[PDB]
Each structure stands twice: as structure tokens, then as C-alpha cells.
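Trainee: This is the structure I have questions about; it appears just below.
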Amino acid sequence: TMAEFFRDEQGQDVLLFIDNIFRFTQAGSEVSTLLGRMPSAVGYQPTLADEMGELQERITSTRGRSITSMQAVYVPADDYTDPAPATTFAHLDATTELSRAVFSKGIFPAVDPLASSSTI
Amino acid sequence: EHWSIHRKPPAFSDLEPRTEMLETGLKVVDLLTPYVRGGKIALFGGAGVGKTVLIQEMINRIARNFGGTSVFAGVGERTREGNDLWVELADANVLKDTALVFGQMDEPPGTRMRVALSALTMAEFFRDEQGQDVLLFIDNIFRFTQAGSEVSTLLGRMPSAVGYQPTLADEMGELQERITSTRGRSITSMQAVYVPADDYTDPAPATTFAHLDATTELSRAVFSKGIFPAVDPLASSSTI
Amino acid sequence: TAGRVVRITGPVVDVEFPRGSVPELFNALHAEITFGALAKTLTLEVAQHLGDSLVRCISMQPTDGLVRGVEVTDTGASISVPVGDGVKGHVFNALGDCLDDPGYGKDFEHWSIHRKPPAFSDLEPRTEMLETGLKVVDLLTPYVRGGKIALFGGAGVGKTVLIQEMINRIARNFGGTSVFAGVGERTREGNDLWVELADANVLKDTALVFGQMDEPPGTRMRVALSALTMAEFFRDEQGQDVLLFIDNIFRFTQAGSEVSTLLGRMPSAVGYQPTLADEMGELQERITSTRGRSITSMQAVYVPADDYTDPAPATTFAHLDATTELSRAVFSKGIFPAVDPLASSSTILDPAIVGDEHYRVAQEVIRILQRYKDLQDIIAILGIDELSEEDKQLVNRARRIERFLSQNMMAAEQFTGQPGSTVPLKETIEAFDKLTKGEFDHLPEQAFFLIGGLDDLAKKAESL
Amino acid sequence: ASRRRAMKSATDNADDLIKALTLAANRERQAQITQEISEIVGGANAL
Amino acid sequence: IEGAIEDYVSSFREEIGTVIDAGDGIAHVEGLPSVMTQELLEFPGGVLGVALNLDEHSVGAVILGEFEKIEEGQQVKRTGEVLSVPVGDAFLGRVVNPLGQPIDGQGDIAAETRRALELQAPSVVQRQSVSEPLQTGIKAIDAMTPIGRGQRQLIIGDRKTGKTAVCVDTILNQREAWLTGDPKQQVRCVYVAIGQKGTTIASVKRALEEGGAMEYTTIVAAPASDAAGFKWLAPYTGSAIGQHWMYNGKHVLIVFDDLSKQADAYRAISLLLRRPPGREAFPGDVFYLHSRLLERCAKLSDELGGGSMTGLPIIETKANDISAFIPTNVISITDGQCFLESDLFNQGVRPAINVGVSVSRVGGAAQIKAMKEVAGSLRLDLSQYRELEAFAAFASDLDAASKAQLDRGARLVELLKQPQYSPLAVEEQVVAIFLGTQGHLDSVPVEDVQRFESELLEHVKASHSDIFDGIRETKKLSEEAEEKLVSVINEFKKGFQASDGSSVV
Amino acid sequence: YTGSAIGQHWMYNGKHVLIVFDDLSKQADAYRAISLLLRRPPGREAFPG
Amino acid sequence: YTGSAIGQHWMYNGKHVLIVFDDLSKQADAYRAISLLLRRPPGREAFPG
Ligand SMILES: Nc1ncnc2c1ncn2[C@@H]1O[C@H](COP(=O)(O)OP(=O)(O)OP(=O)(O)O)[C@@H](O)[C@H]1O
Ligand SMILES: Nc1ncnc2c1ncn2[C@@H]1O[C@H](COP(=O)(O)OP(=O)(O)OP(=O)(O)O)[C@@H](O)[C@H]1O
Ligand SMILES: Nc1ncnc2c1ncn2[C@@H]1O[C@H](COP(=O)(O)OP(=O)(O)O)[C@@H](O)[C@H]1O
Ligand SMILES: [Mg+2]
Ligand SMILES: [Mg+2]
């Protein structure tokens, strides 16, 4: 909200940084368990796509307003099949990935070249 | 005149095994798994293996040299396949000698529970009265098992481990027994069974095998090699 | 006072009582069956308080012909087991009635099967070293006093004979008596075991308790507790150390999971009871030694599908000290203990407890045997002739030590005629110290089979 | 003479891949069984 | 007011109940004040039912036979007591309903005495040890896993192996024993078929009467066309008739076709009865169920007549899996196994019995002295022979003893093969194994050993009969008999030629 | 469904029509969420039958 | 929790306290059992979220 206030009124390009978005989703699951809603696959919320979509689409660059973002996302238990990154894959344009094996090799910028992708 | 769909299984006291060497022209079936008249032979395989072509070639080769009546029933299949089959049979004069019935997938699952029963009713009416050799051909049997699973799920019955409806083997046995040749009448049944994801640990193919004696199955690796018959000789077997 | 049954679902039985006669958890209830052809009495135990003067219970015996409204009475006490000196002369199940005759009665004393572990303050702060008559186990896999040890094997590997030898050796050397508890044991095997024990003249000082599969899981879950109860009675009443035997633990866990899932609870952790560690701890906390008296236990666990990460084996391994393994290639070699020294270990083997020379000798033996096993490939493919002097001499020393490691037991006289002997640890360690140099490489092969000490073996070898 | 040792060492190294892949398959099948039983029970009790 | 309740309870022409709802093979009945568990209820239309679940205001039921006649408003009638089976001795050579009715075209059977299915098993103080030669008619079976009276043996196998043929041959092997006068060798064998196609049952029965063993056998068949009740209750009927015949001192042998179908029916009825499920959607008590049907068999003591029974349960598994729930439970509940791998039957050996995994608990206690002596521990010999083929598949140079051992192992393996529908007596098998162990056939070409031995045994049966008399009267092999056999085999092998062979000393 | 109906209208008129669906799993996910919200019984990994 | 509280009380004084947690997974299992006995729907691997 405050970022949007800076973008709209001031008419200035804005830098944005957010960290560990995954925890957000996790929180929702917990409260769902308390509301009594029917559980879904792997014990997640009955609905999760809509909230992720509305949170992602809220960030949008207008013709007169350019906004650059960069989000760090967590992966649980070193598994890529979970829905948490699976849904996030559809809302991204420039993506880089890390691996445990490459880090174990020794090089610190453990970025997989075969898995990283871009659209520009 | 009209007959009830539901019937009663024939008496056990009038059962006798049937042995006969009926021969076709194809090498694999002639040598590996010879067929038997009056018995059951089924086909197996996953998606897109080419069994429909095989059954079409089989019916084309056999119906010409046959003087009996044939009844074809399609539990689940695309409209295009049925229309093409109807056109092909119209292209020849054998269409008058047969009877056709089928149901499509777009219909609710309720209509997919009785088409096989209607075909069996027609077959038994022909066999018991006319006393003539008849041909009963079934495209598939997995579809009605699926529709039963979904209708049972909707009925509120507790499912089993795999998700199949309980007492599915009871329905299997009730359906399979209706095809039976007595001491005086002979009937031949052709069917092909679809397996899900080509997984043979699924209890449904295993329980549908128990009603079979002479079987021929298909594999995907030999198809990927380039061979069109795609018949696996190591696992295929007969009883004669 | 009297109570009436409400609903019956298999072995689960629901009962209703008047307001002022609600029982407490883990009590006993008696009922009768009217039908003549299936005349019987039923015993039930209280496990839940559903409320509104309603109690859910589990039948101890198979149910059939039960009629609604039948009156039920309360014992007023938990499960009672008989204790006294007249025990260990016969066999009987968890219910306590002797199978051979109902002659034994309520003359003996009666104790509740439910107890509590001893306090923390009076726990023994220091462990003790338990010595046996077999040299291989003392040298390689030392036994801890009051601990728990596992045994792996099958049929035809001489484990039953070893069990009998241990029973009689502990009976004769240090006194005391040992009780046997069979859970999930086949009836024919139980009868054969009884016949063998009777023919060995050691059945006099052993108490046999059996658990039949045909019984509902209640017996399968209470037989072990009853055996432990009577063992503790003997230990605290006579002052004699006792040895406790358990055939399997896997069936106990299966029975626990069964009785859990029958009560309509929620499954978890690969179809297992959620608090299995609680039952395991309650069972295993009453085996530790205290007050100068020791209670050693022997178990044989079964691994399902050759998996070691399964939760039940993982929980079982949390209370283990030593493991023993048996094979058939060692049997094909032709030695008595039939144990592989390389596949077994002990958690008390430390240089500061068993002496530095013992550890050095053990390391030397393990190294020699490992080198022999590694060079078996070259022995099979090319032989010993191509091997140099060092290789051939180490191979000869290894095979001689392997032949020497066998020791004659006592009951082996049933097929040989020679009773075994017990050797002190000092003599064995000094003999292994002198054999470390392999000075007896000139001895013939037949002379290396042990019968006892070293002087008698030397005399026999000189008598060949 | 140099040729023989290559095949010997090849066998020696080939054993461990068998061991490791068998372990991985065991873990995978155990996980699938436990997850399917968990999900079927979760579906059952909620109604 | 409590006196009013007491008088009302104590007040209780025939008792009548009312059906409230029905569907999917079960129904709900209320109004019955006092009933016993597993009562055999009666329905107005003639169909039968059993009571399994009891409630404060309802009684569960399971309908065995026809189900469509059930509707709301019908009146049930409490009848008799716990259901029983009428057992007798006229059941031989007939096929009966698992309920005890003559489904076959033959006329109605007589009745001797009614026995309730639910009975207590013999205790531990009424059993003896096992020592008796139950033959099998197959060389490898009694050559590796001996079978004795009172011993339960399991046969587990994959798809399409041939277990049915083995069971049929074992059943029909006792013709000579039946021909004997006294009933000491006489055994009354019975067969139980669960969930098999009627044509298969007819073919099996036809094979039985072609063998000529119809006199001393009966069949209890429950085809797939029946409901779950018959599939659940047939094995108990078979066990009841078997134990009744045993109680009089007659030796009987029970064979079960399958147990998976019974477990499936039990799971179906339990889930339809709305009972808590567990692992693999299986009820908790299923394991206990097996313990109630397989633990009946045991050797008896002489004080009770010394009766005997033997059971051969059959288990099928898919894709060569052993770690499944039911196979593990049944393996743990019994002793002795016979693995049937599909690969061995795929080519070569027809019996296709695995060697490195098969084991018998009783072992030598069930072995006749002569063939125990002649056995010579060829198990280890075959084990090392396999371990040596695993090495020397591409070998050109070997040790002389290694080559000789490999050749002997190959000859013995090629000898162990045996076709179907070919039962053999003990004497010819003992002669054959003596021939194999001594190495007299080592010079016979490996491609034609089997047929060769054939002629010899025929010639052995033709020109000589004293050896068989001796081996049947003393059950032991003598030195003079061995010398005569050596001379006979030498003179026979002197004049034999299959394909460019050579006669050697 | 809207796209299909729009296509069918020209289909009945005799004009050739081509249809492309961007994705199909999203529809299944939405239907599953709706069914789970409406207290319908679930199925194989929580999908309606 | 009691260990944490007794640590924090001395933390107020501003001194150095060392704390040992020799076992954690056992507490997780205890909480899992408590939750399941409270009929709360289990999450991944029977552990609540
Ligand atoms: N002899 C052949 N020569 C060439 N193509 C063949 C031959 N046999 C089969 N095919 C090909 O196989 C396909 C036939 O599909 P078919 O309907 O028979 O498969 P199916 O196994 O019944 O699968 P599904 O039920 O999934 O459609 C076609 O692509 C056809 O070209
Ligand atoms: N010794 C043998 N030599 C050659 N063929 C044999 C032999 N024994 C059995 N067979 C053949 O193997 C098959 C065995 O059929 P059978 O019905 O007994 O199978 P099964 O493995 O017991 O399984 P199922 O009960 O499912 O049919 C038959 O085709 C039979 O001819
Ligand atoms: N070291 C040995 N030397 C000779 N015979 C042995 C030895 N160990 C075991 N046996 C024999 O093996 C048989 C089986 O013994 P055991 O394994 O204790 O019983 P089970 O086979 O029932 O487990 C015994 O009869 C015994 O004679
Ligand atoms: Mg096709
Ligand atoms: Mg068969």
C-alpha cells in the first residue's frame, strides 16, 4: 500500500524489495485449519490460487510509472513438486535458481545455468 | 416383444469345457497363442497401442467366413470411430448380418451401466432360442468400472484403498458369467481391456484376468521399437 | 450394582452401570454365556469413560452368542497373577490357569499386573561386567549386566541349543531361575519346546508362559507384562538374579497397533499407534538392575522388508546394547557357536574398562580376519602357492585362530558325549596374546578344536 | 594383464550404484504409501 | 417405577421383527428383544441371513443368497441357534453348496450329525511330534522340502505358474494307498474352490474322474456368481467337515485354492458395514481371522485316536512382491514355503521350484531313511554349482575338480526336470536319485539324459522286480542290491546310443 | 464453455472454426476448489469424482 | 518453556546463561500425539502446521 502511494502520487520510479514470500502462504494454511474449512491436497488451503494472483497482479508498471521488484521465495524440504513454488512459477518473467549440489561443489554463486531461464 | 434386462446365471450342472483349434492367418496368434472356439480371449495394453486396428482386422477377416450372427456393443468410444465403423460395414454387404449398439462418453455415467447388459440380453435371446453360433464383441470394460467408481463415490459409500468402489469384484463376476457356452450352444466373446498408465499392479486388471484362459497383451516398448503388432511373447500365454 | 450391556460390536463391548457404581480404569469384569454348546465365561477390562455411566471394554476371549441385557459383575481389582514357590513346575497362559490340569488354584499369593518403575534416586550409578563360560562372547561381544541384547538368526543354526545351554549354565553357576515368555508362538512349536525342556531335566526350575494366536490381541499384549510381573516378584522375594526371554517384539507392536485402531482413534506414522514410544518405555523401564540384583533379558526382533529406518525398529533400537548374528557359512565351516565376529559388536568395549591388552588383541583378531576375508578372492582364483610367505603365514594363522575360536559346550554331549568347560577371562586373554604371534602354526588342523583350557588342549595335541 | 584389472574394478564400482538406487527406491515407495494412507484417512474422518 | 421396567423386561406366539431399510446386500432389522450373536435369521421369502452387528435399537444383517426380494415391511423370524453344518460320510464323490446343499445333478444326500462351525481348537496337551512319510509324487518337492502329517505347508506363487496342476497331482497320487485294505494308508482328500469360473471347475473335476480318484474326494465350490457370504463362509465349512472326519481317527487332507478372495470379501463386507478402516483399507481383525482358520490343523495324540490333517493354503502375488500385507502375515503365521518364480517356468524346468529360498521347518524328521541316506546333501552342491556358473559362464580353462563339479551339477539339474500329470512312486525316485548322485550318468550326453533314464526305468521295471520288493519291505538300500543295480546299469549303458555317443567304463 | 458456444454458432452456419485452449489444469483446480468449498465429499487426492 | 522462563529471569539481571536442549523431536512427537488426540486434522506427515 505505501509503495503504491509513492508510485501514484509522486510520479516517481520506485524500488521495491520483499523477502521470503513463502511464509505468507504458510500462515494462511494455519488459519484455515482453525476456521474449519475442508482441507485440500497435502493439507493446504481449499483456495490458494486467487490470493496469490491478486497479490501478484497488484504490482504492475503503468506507462508513466515504472516499478522494479525482486522477491525471494523459499522451497520446503528441497522438493520442487510442492504447489507453493508451482503456482508462483506462472507469475514470473526472470528467474534464477540455486542447488545444494552446486554449493557442495564449492563455488558460492551456486546458480544452475541449465535450469535458469529468462524471457527478455 | 420385450424382455427384462436382469436375468439369472445358468446352472452349474450344464457346464462343459470347450476345446477346438480355430486358426487365423496371422503368424503371431497362430504360433504363440492359438485361439479356442467357445472360449474367452482378451486384449491388453495402455493408451494408443493400436488394438482397435487389430480388432477391426480380426472382424473383417472372420465375419466373411462366418455364417452366424454377430452383435457389437461399444461401452465407451469416440463418435468418429463408431461412425467410421458404420460406414465401413455399409461399404460391404455383411452389415445386414449383424446388430449394433453403443454409448458415448458425453452421456452421464448412468447410461454406461446398462449397455453391456443390453448386449448380453440380446445375445442370450439369440443363443437360447435360435440355437445358432453368435459373436459378441466388446470394445472395452474399464469405462463402466470407472463410472461405477464415480457413482459409488457420489452415493456416499466409503471407498477402498485404491479409490475403487467396494464390491467391484462382485460386479465383475456378475457380468462375466453371462457369457457362457452350454453343451448345445456356442458363443465367442472378444474384448480389449485398458490398463491405467500401463500399471499391472492395479487390482482391476488382475481381477479381470481371473475370468480369462487364453489371453494376448500388448506393450509400449516394442511399439516404440517400430513393430506394429507389438505383441510381447514372454508374457502372453494360452490354455490349449 | 449389576450392569447391563448396551451395544456389541465384535470384541468391543459397551456396558452401562448405575450412578454410584462407576468403576475405575483397568478393572476386571465377569460375564457368562447361557448357551449350552458354547458355555463359557468372559472377562473384560475397562479402558475408556464415555460418560453418562457408560464404559467401553475389550473382551479377553472370542465372543459368540452373547445376549443383550445379561447382568455383569465387577471384580474390584485389576488383573491378578499368582506368585509363590510352587511356580515354574508347570505351564500356563496370561489368565494363569495351568493347561495340563486345573489342579493349581488360589493357594498362592495374587498380585496386580500393573506396577510402576523404581525411583530415580535409588538407581544403580555404575554398571557391572557379566562373565560367561563361552570364550568367543566374552572376548568379542562383552555382556553388560542388567542390559538388553538382541539375537538374529533362524532354524538349523543352533540357537535353541545355545538358549538351553545358557539356561542351564546360569542355573548352575550363579544360581537363580529363568522364565520363558512366548508371544505369538505356534502351538506345535510350544509343544515341541515343552517336550525338549522336559527331556533335558531343566524344566524343574523354569516357568513357561505361552501366548496363542487364536486368542484376541489382549493376551498378545498382556502376556509380556505378566511375565515381567512374575520375574520381578521372584527377584524381589528370593534375591536371585533372573533371566527373562522374549521371542519377538514385532508381534507386540502389531498387537498394540491393532488394539489402537479397534478403539476408533486416528492412525499415523505408517499405520502405527501415535504413542508407541509410551508403551515401549513403560515396558522397558522395568528391566534395569537395582539393589544389587540383576535382571537380564534376551530378545529376537524381526526386520520387515529388510528396512532399518522403519519407525518400529528405530524405536526398538533405542534400548539396545549388544547384537548377535548367526549365518550358515560359519555352520558349513563346522564350529559350535556359529557366530560371525565381524557382524557383531558391543557398546561397552572401551580400552579404559576392559583393559588395553584386551582391546589390542581384539583389534589384531579383527584385522587378521578382515585380511583373510579380503584375500579369499585371490585364494579362490589363484591359491596360496602364488602368495608370498607373509600372505601364506597370515592365512595359516587366521584359519588356525578360526578353528580355535570354537568351544565345546555342555549339552553337545547329547551327540558327542563330552561336557563342556568354563574358562576364566585371564586365561583366555593370555592364550590369545600368545596366539597373536602364531607360534602354533605347526599344529595339525584337528588339534585346534577347543574343549576347555589350554594345557588339556596341548596334551591332547601331543597325544595325537 | 592390464586389461583384466579394468573389468575387476568395474564390477567393484558397479556394486554401490545398485545399493544406493535400491535404498532410494525403498524410501520413495515408503513415502508414497504413507502419504496415500494419510490422505485417505483425512478424507474419511472429515465427513 | 423401576418395578414396572423390571416386569416389562421379564414379560418376554413367535417373535417377529421388522425391516427398516436395505440396500447393497445388507439390511437393517429392529424389534428383536434378545438374540445371540451370529444367529441364523429367517426371512419370509425363503432367503437366509446372519446377524453380525448389534445395536441398542437396531440389528445388522447380511443376506447370503437372493437379494432383490428384500423390501421394507417384511417380517423376520428368530429361528434355532448358531448355524451348523450337517456332516456325514456320504459326501464322497459329490459337489455341495458351502451351506451344505447338493448343487450337483445327483440326488439329495443323507445327513449324519450337525456340527457348529465355531469350536475351540485342540490345546497344546493333546499333540505329538510329526514323523510320517506323506508322499508328493514330485522329485524336487520331497527331495528338498519333506512333508509330514500334521504339518501346514504354504505355496505362494506368481501368475500362471502351475500350482493347480501340482495340487491335482498330489491329490491323485494316493490311488495305490486307497487300493490297500486297511485305512492306515487311506486318506480322505477334500478340495475347496473359491471364486473360480465354472468352466474351470468342470475341467478340474473332469481331470479328477479321468485320473480315477473320484471315489475318495469331494469339492466345495463357491463360484464368482455368488454373494460375499458364501465366499466368506466356505473355508469354515471345509474345515468343519475335515475336522469331523479327523475326529474318528481317519487321515484327511484339506486343500485351499486361494485366500485372497476371502480377504477381499471380508474387506468388502466390513466397509459396507461402516466399520473403522486401517492400513491398506483393511479391517483390524483380518489377521486374527486367518489364525482362526489355519491353526485348526495339528497332529493328534494317541489318547484321542491319533488323527491327522494337513493343509496346503495357496497365495498369489503380483509382480514378484513379497513385502505385501497379506503375504507377510501368512508367511509369519505358518512354516515351510515353496516359492514359484515365473522365470524358471519361462524356460527349462517345468516344476519351476526355487532352490535357494525354499525351506522346510520339520526337515529330516519327515524323511524316510533310505532317501535321506541317498540325498547326500545335494543342496550345497547345487548352491556351489550355481555360484560357479555365475563365475565360469565364459570360462575355457578351469580346475579339473571345478569342471567335474560343473558337469555333475548340470546333469543333476537336467535330471530334476519332470513333466506334468506324471506321479511317481518312491522306489523309482530313489533309484533315480541314486543314479544321479553316484555320477554313473556323467558320461551320458547332457542333451539326452532324461529320455535315456526313461528306458532304464522301464527296463528296470521289465526284467527285474526283486529290488523293488526289497526297497518296499525294508525301506533301505543294501550293498548287494547296489551291486546288482550297478551291473544292470552298466550292461544297459553298454548297448545304448542316442547321438554319436560312446560307452565307457 | 463460452468460447465453445461462440465457436458452435459459426459451426452451425457452415464456416470452418479453429479453437485453442491455453491451459486446462487451471479449470480443474478451480472446480476442485469450488467443490471443496461446497462441502461435497472429496475423492482421489482430493479431486471430485 | 519452563527452562526458557528461568533463563529469562536471570537475563533480566544481565548475566550469561547457557541452555541445553538435548532433545527436540521428542517434544514434536508429544505435540503431535496431543493434537491427534484432540481430533485436530493432521498436516504433512501427521505433523500439524
Ligand atoms: N499396422 C499398422 N500400420 C500402421 N499404423 C498402424 C498400424 N496399426 C496401428 N497403427 C496406428 O495405430 C493407431 C491406431 O489407434 P487405435 O485406435 O487402434 O489405438 P488403441 O490402442 O485402441 O488406443 P486408444 O483406445 O487410446 O485410442 C493409428 O495411429 C494407426 O496409424
Ligand atoms: N510339468 C509341466 N510341464 C509343462 N507344462 C506344464 C507343466 N505343469 C503345468 N504346465 C502348464 O502350465 C499351465 C498351468 O496352468 P494352471 O491353471 O495350473 O496355472 P496356475 O499357475 O496354477 O494358475 P491359475 O490357477 O491362475 O490358472 C498350463 O498351461 C499347463 O499345461
Ligand atoms: N555347532 C553345531 N554342531 C553340530 N550340530 C549342530 C550345531 N548347531 C546346531 N546343530 C544342529 O542343528 C539342529 C537345529 O538346531 P537349532 O537351530 O537350535 O533349532 P532350530 O533349527 O529349531 O532353530 C539341532 O538338532 C542340532 O543338532
Ligand atoms: Mg486401437
Ligand atoms: Mg492355474
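Residue numbering for chain B follows Swiss-Prot, covering 116-355 in order.
Method on record in the header is electron microscopy, 4.7 Å.
Placement of Cβ uses the backbone N, Cα and C atoms for every residue, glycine included.
Swiss-Prot feature annotations, pasted as is:
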- B:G160, B:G161, B:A162, B:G163, B:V164, B:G165, B:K166, B:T167: ATP binding site (BINDING)
Trainee: Once the chains shown are all counted, how many other Cβ atoms turn up within 10 Å of the Cβ of B:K166 (ATP binding site)?
Mentor: 21
Trainee: What binding-site residues among B:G161, B:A162, B:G163, B:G165, B:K166, B:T167 have a C-beta sitting less than 6 Å from any atom of ligand 4?
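Mentor: The binding-site residues passing the 6 Å Cβ test are B:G165, B:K166, B:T167.
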Trainee: Give the sequence-ordered list of residues that share a chain with B:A162 (ATP binding site), lie 6 or more positions from it, and have CB atoms under 8 Å from its CB.
Mentor: B:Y309
Trainee: Does any of B:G161, B:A162, B:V164 have a Cβ within less than 6 Å of an atom of ligand 3? These are the binding-site residues; tell me which, or none.
Mentor: none
Trainee: Quick one: give me the count of other CB atoms within 10 A of the CB of B:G163 (ATP binding site).
Mentor: 9
Trainee: Within 8 Å of the Cβ centroid of the ATP site residues B:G160, B:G161, B:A162, B:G163, B:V164, B:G165, B:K166, B:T167, which other residues of the same chain have their Cβ?
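Mentor: Other same-chain residues near the ATP site: B:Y309, B:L333.
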Trainee: Using DSSP and collapsing to three states, where does B:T167 (ATP binding site) fall: helix, strand or coil?
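Mentor: Going by the DSSP assignment, B:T167 (ATP binding site) falls within a helical segment, counted as helix.
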Trainee: Which chain-mates of B:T167 (ATP binding site) that are at least 6 residues away have a CB under 8 A from its CB, listed by sequence?
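Mentor: Sequence-distant Cβ neighbours: B:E196, B:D254, B:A307.
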Trainee: Can you tell which of the binding-site residues (B:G161, B:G165) has the fewest other C-beta atoms within 10 angstroms of its C-beta?
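Mentor: If we count Cβ atoms within 10 Å for the binding-site residues B:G161, B:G165, the smallest count is at B:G165.
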Trainee: According to DSSP, folded down to helix, strand and coil, what is B:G160 (ATP binding site)?
Mentor: strand
